[PDB]
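Residue numbering for the sequence shown is 10 to 283, 301 to 384, as defined by the deposited numbering.
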Amino acid sequence: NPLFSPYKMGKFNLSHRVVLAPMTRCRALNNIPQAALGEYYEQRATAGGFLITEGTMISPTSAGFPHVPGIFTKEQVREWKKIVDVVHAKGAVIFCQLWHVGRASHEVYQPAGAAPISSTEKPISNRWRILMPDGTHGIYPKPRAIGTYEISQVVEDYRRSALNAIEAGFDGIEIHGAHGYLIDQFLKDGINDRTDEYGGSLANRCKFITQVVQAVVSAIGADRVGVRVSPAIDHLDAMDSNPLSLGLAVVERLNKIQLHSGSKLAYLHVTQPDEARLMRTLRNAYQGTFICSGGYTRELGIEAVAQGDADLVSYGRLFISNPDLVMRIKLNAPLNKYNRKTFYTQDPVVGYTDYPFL
Ligand SMILES: Cc1cc2nc3c(=O)[nH]c(=O)nc-3n(C[C@H](O)[C@H](O)[C@H](O)COP(=O)(O)O)c2cc1C
Numbered sequence: 010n011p012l013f014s015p016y017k018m019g020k021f022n023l024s025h026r027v028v029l030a031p032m033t034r035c036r037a038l039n040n041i042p043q044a045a046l047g048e049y050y051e052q053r054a055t056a057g058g059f060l061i062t063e064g065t066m067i068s069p070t071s072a073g074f075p076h077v078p079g080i081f082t083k084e085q086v087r088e089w090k091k092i093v094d095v096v097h098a099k100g101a102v103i104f105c106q107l108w109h110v111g112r113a114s115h116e117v118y119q120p121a122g123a124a125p126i127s128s129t130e131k132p133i134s135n136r137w138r139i140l141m142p143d144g145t146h147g148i149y150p151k152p153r154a155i156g157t158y159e160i161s162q163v164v165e166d167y168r169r170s171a172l173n174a175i176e177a178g179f180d181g182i183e184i185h186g187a188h189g190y191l192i193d194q195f196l197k198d199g200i201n202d203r204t205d206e207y208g209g210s211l212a213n214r215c216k217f218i219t220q221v222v223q224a225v226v227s228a229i230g231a232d233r234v235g236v237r238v239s240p241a242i243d244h245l246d247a248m249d250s251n252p253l254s255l256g257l258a259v260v261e262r263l264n265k266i267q268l269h270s271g272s273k274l275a276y277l278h279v280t281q282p283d301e302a303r304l305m306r307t308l309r310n311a312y313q314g315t316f317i318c319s320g321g322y323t324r325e326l327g328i329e330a331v332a333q334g335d336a337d338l339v340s341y342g343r344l345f346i347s348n349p350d351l352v353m354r355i356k357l358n359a360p361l362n363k364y365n366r367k368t369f370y371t372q373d374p375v376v377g378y379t380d381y382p383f384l
């Protein structure tokens, strides 16, 4: 079984290739990690398994969802440590994903009622909505096109957050540069309409993610930094003329950062919008570990690793309804269906840790 052939990811010896994709669950009440999170990850932690946490705020402006966790305050760090310990107790590797939603926010999630920051002033279209604290759907407001100096301050938030993540005990961090959020708002030419050093040409559009990746590498080391991107996705009006070209531009800058740093990154993570060729082109271009995600199943994951299309495969949806997805895949057991209705609720058990095992 290819998915169970050991894999060496930096200084981490993984026992299998089943990775936990980052998934927002809104159980971190008031943005503070809760005991529920400890059980949730513990139930699904496995010896030599790699897990990626839900997106975590890097500033009081990095939120666009309700009750999402953070790593910018000493309180949050204290609670994450308790969670990290339970995950390590079971022998799993866990990376903390730093998440800034950019323009994908709302006044209710912006301290002082200020508009969410982004690369452009164009708001996400009406066909997309945001989850409000009371469960209703809200309209995305007009964002503010940040100045060159604030980009440096956002980058600083990633750096400080990565350091905070290490203080909490995480084995590393993952940069959330996909699904139309802040970093993706700079990468996609359908959004980035800047006329300065960060807009226009692909090289300019990729500058932001480059500075962010460089900042975290200089804080905790490239071996403990993963990068997630999505060259072709329509989420929150994040489109690009040539998705492949954009993906290859990011990959090219990641390979260069590794050469200049003298160490490879932890991995490259690309989510699919499920041609096949888009994924294979980046994997062949990236000099390092490649993780694939999006619409993968037990059979589809095995084929990707056996054919050399990816080194690790992360599962999202199937790891919500299947706490023991790793074991199930090993035995080819039936997989449980998920109830989307409880994806973003606040119940510490119902739809979170109540899913039956084998
Ligand atoms: C409820 C839910 C929350 C998610 N949260 C995030 C997130 O916070 N960050 C992210 O990059 N992707 C997030 N995703 C996308 C998943 O990481 C993944 O790409 C998707 O679930 C595809 O999984 P699959 O391969 O099992 O079909 C989320 C998906 C779901 C269903």
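We put the beta carbon where it would ideally sit given N, CA and C, even for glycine.
The count of Cβ pairs closer than 8 Å, one atom from the region 369-382 and one from the region 82-90, stays below three, leaving the stretches out of contact. With a threshold of 16 other beta carbon atoms within 10 Å, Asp94 falls short and is exposed.
For secondary structure counted as the beta strand (DSSP E) over 3 or more consecutive residues, the region 184-239 holds these complete runs in sequence order: 234-238. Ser134 and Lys265 have their alpha carbons spaced roughly 35 Å apart. In this chain, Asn264 is not harboured by any beta strand (DSSP E); it is covered by the alpha helix (DSSP H) spanning 252-270. One Cα belongs to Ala311, the other to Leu211, and the distance between them is close to 17 Å.
Close CB contacts of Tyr16 within its chain, under the 7 Å cut and outside five residues either way in sequence, are with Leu23, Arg26, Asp337, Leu338 (chain order).
In the DSSP annotation of this structure, the continuous segment of the alpha helix (DSSP H) that includes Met353 starts and ends at 351-357. Fully enclosed alpha helix (DSSP H) runs of no fewer than 4 residues occupy 44-53 of the region 20-78, in order along the chain. If you draw a straight line from the Cα of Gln106 to the Cα of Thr65, it is about 6 Å long. Inclusion of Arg237 in the 8 Å shell around ligand 1 follows from its C-beta lying nearer than that to a non-hydrogen atom of the ligand. Taking a cut-off of 8 Å on C-beta distances, the region 27-39 touches the region 56-74, as three or more cross pairs fall below it. In the three-state reduction of the DSSP assignment, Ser340 falls in the strand class, which pools E and B. Residue burial is scored here from C-beta neighbours: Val376 has fewer than 16 other C-beta atoms within 10 angstroms and is therefore classed as exposed.
In the structure shown, the three-state DSSP call for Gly327 is helix. Inclusion of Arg112 and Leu255 in the CB contact set at 9 Å is not warranted, their separation being larger than that value. In the structure shown, the three-state DSSP call for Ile317 is strand. Between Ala332 and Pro11, the alpha-carbon positions lie close to 6 Å from each other.
The alpha-carbon of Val77 is positioned some 11 Å away from that of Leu46. In this structure, the CA atom of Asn173 is about 7 Å from the CA atom of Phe81.
Taking 8 Å as the upper bound for CB-CB distance, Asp198 and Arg214 are in contact here, some 6 Å apart. For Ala154, the three-state secondary structure derived from DSSP is strand. In terms of Cβ geometry, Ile160 and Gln220 form a close pair [threshold 9 Å].
Looking only at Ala56, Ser319, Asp193, the smallest Cα-Cα distance to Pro252 is reached by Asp193.
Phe13 carries a helical assignment under DSSP once its states are collapsed to helix, strand and coil. Going by DSSP, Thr280 is part of the beta strand (DSSP E) stretching over 276-280.
For the pair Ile175 and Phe195, the CB atoms are not nearer than the 9 Å cut-off. In the DSSP assignment, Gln85 falls outside any beta strand (DSSP E) and lies within the alpha helix (DSSP H) extending over 83-98.
Closest in alpha carbon position to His185, among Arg309, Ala302, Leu277, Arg262, is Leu277. It is roughly 29 Å from the alpha-carbon of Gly189 to the alpha-carbon of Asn362. Its Cα nearest to that of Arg237, the residue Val279 stands out among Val279, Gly321, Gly334, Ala171. In the structure shown, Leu107 falls within a strand segment according to DSSP collapsed to helix, strand and coil.
Excluding five sequence positions before and after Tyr322, the CB atoms of its chain that fall closer than 6 Å to its own CB belong to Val339, given in chain order. In its chain, beyond the 5 residues on either side, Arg36, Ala37, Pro374 have a beta carbon closer than 7 Å to the beta carbon of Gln43. Taking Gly342 as the centre and dropping the five residues before and after it, the same chain places the C-beta of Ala30, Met32 closer than 6 Å to its C-beta, in chain order. Burial check for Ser114: the Cβ neighbour count within 10 Å reaches 16 or more, so the residue is buried.
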